[PDB]
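Trainee: PDB entry and its sequence, pasted below:
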Amino acid sequence: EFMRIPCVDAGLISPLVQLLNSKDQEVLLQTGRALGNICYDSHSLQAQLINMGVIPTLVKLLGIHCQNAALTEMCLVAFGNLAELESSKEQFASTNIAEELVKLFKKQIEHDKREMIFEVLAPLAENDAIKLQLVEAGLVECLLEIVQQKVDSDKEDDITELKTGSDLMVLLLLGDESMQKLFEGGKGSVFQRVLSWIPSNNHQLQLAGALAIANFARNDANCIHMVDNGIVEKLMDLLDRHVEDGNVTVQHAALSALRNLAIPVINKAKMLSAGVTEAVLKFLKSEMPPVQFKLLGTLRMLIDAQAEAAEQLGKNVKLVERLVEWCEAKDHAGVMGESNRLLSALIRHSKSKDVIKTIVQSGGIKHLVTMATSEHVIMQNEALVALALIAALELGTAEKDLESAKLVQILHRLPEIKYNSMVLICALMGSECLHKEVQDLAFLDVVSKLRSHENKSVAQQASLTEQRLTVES
């Protein structure tokens, strides 16, 4: 009888899975290769892969035949293909794969075979439990030894292993549990080694070291510890060495660490006192957007409620002119947005007339005005509050640019907490150039708030805005 033959499916695969428990090594080699070569792209196929327990069965086989190079190699190949599925990694994370791979790795004295294991470790280590399991199984001390063994070596294979090893270490630091384990309250081997990597001449170790700090610096307690222990000084020294003709990769990582470190309130004053601003502004002339992005982010974290710092930066005319420049960089959204946010924050946290004037003289108003129409609500009322401060402090010097930028027209079209637009209008009300107000038909909208807006905040200010817009204009 004529048979319909479907695409590869459970019927083809089921038989092969049953063979995984054979004591014949040829059979195991045939079936294992076959199973690792099949593409589990269908959802029913991966379901079958998971439900028939192929992954745990292969990890088991790797345990039993880790002395057989043919079987071991086939498992590694199989694992490399299987590992690429997120659902598969989850399953790997309930097995002994981490320990089995480290034991195996420790046994190897051939670069090629090490590399085979690296290519299984890397995808698997995207899973956070696997990361933690690798740390517990001793992977990092292997990695650190490899780096130490290969620093200062020009052998192609030495630099490649140092690279792959140091990168894998960083990957381990992206998982929260693995990272914290390695941090070990600020005395962990990795943290302390990295203090020797950052001041070194090896760019890959500078890079890996700076990234290790960045990834350690992902909660308050770690950041506070590292700042109390002088990490900011080493990162500034690292940055200084890369001002002139630097590696952008290392500049970015270093600035990324500083940005993370500046997040805790307690850190901000300490970093400012250490002179971190001066180190970071040496990269204003960078044309590399990632560097720009992270230098901007760092400054913004550092001024977060630090008025003296916001004031010194807001009056730095080179900084401000550069910000206005980067607000016009249309292709690089991150730096555009960070630059806009920095302009706003400079005003909100300093509340200084001098920074406000520096910003108007430099062209900043139109950019703040445009930011108020941002799709992100946080950025809109950051724009508004900054606008309100400039109304209240330097309306005279600004109203020309505020006219040009058509702010009152924008305010009208404006939502929820963007009700702060009403507060801005009432402060703009005392403007010569910005006469209407009235002509804009704002009296039709102002009192019409009442409630709803249902919020007691969004309702109550309507009475104030209605009393003001009725008594005048």
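Mentor: Everything's here; your move. Numbering: from 1, shown residues only.
Trainee: rest of the way, CA atoms for contacts and neighbours
Mentor: OK.
Trainee: buried ones in stretch 189-205?
Mentor: Buried residues in stretch 189-205, counting neighbours by 16 or more other C-alpha atoms under 10 Å, are found at 190, 191, 194, 195, 197, 198, 199, 203, 204, 205.
Trainee: packing partners for the longest helix seen in the chain?
Mentor: What stands out as the longest helix in the chain, according to DSSP state H, is helix 377-404. Under the contact definition 3 or more C-alpha pairs under 8 Å, 6 or more residues apart in numbering; DSSP states H and E, helix 377-404 sits against helix 333-350, helix 353-362, helix 364-371, helix 420-428.
Trainee: how far away is residue 421 from residue 463?
Mentor: 15 Å (C-alpha to C-alpha, to the nearest Å).
Trainee: of the two, which one has the most company?
Mentor: The neighbour count for residue 421 versus residue 463, taken as other C-alpha atoms under 10 Å, is higher for residue 421 (22 against 15).
Trainee: how much space between that one and residue 132?
Mentor: Distance of residue 421 to residue 132, computed by C-alpha to C-alpha: 49 Å.
Trainee: also residue 264?
Mentor: 26 Å.
Trainee: which of the two has more residues huddled nearby?
Mentor: residue 132 (23 against 19).
Trainee: and whichever strand or helix holds residue 87, what does it pack onto?
Mentor: Taking DSSP states H and E as the criterion, residue 87 maps to helix 86-92. Helix 86-92 sits against helix 54-64, with contacts defined as 3+ C-alpha pairs under 8 Å, 6+ apart.
Trainee: list the contacts of the helix it packs on.
Mentor: The contact list for helix 54-64 (C-alpha atoms under 8 Å, 6 or more residues apart in numbering) reads 17, 20, 32, 49, 71-72, 75, 79, 82, 88, 91-92, 95-97, 100.
Trainee: list only buried entries from these.
Mentor: Buried among the contacts of helix 54-64 (16+ other C-alpha under 10 Å): 17, 20, 32, 49, 71-72, 75, 79, 82, 88, 92, 95-97, 100.
Trainee: from the residues you listed, which ones fall inside helices?
Mentor: Going by DSSP H, the helices hold 17, 32, 49, 71, 72, 75, 79, 82, 88, 92, 97, 100 from those.
Trainee: could you dump those to CSV with distance to residue 174?
Mentor: CSV is the format used below for those (distance: C-alpha to C-alpha, whole Å):
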residue, distance to residue 174
17, 35
32, 32
49, 28
71, 32
72, 29
75, 27
79, 22
82, 22
88, 20
92, 18
97, 20
100, 22
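Trainee: burial count for residue 448?
Mentor: By other C-alpha under 10 Å, neighbour count at residue 448 equals 15.
Trainee: where does it fall, helix, sheet strand or coil?
Mentor: In three-state terms, and counting by DSSP: H, G, I helix; E, B strand; the rest coil, residue 448 is coil.
Trainee: tally up the residues packed near the closest residue to it other than its chain neighbours, please.
Mentor: Leaving out its chain neighbours, the residue that sits closest to residue 448 by C-alpha to C-alpha, 6 or more residues apart in numbering is residue 462, at 7.9 Å. By other C-alpha under 10 Å, 23 other residues sit near residue 462.
Trainee: my guess is residue 462 contacts residue 444, does it?
Mentor: No: contact between residue 462 and residue 444 fails when scored by C-alpha atoms under 8 Å: they sit 11.6 Å apart.
Trainee: among the ones in helices among the buried ones among the contacts of helix 54-64, which one sits closest to residue 355?
Mentor: Residue 355 has its nearest neighbour among those in residue 88, at 54.8 Å by C-alpha to C-alpha.
Trainee: how close does that closest one sit to residue 62?
Mentor: To residue 62, residue 88 is 17 Å away according to C-alpha to C-alpha.
Trainee: repeat that for residue 148.
Mentor: Distance of residue 148 to residue 62, given as C-alpha to C-alpha: 30 Å.
Trainee: those two - which one has more neighbours?
Mentor: Between residue 148 and residue 62, counting by other C-alpha under 10 Å, residue 62 is the more crowded of the two (23 against 11).
Trainee: what about residue 162, which SS state?
Mentor: The local conformation at residue 162, judged by three-state DSSP, is helix.
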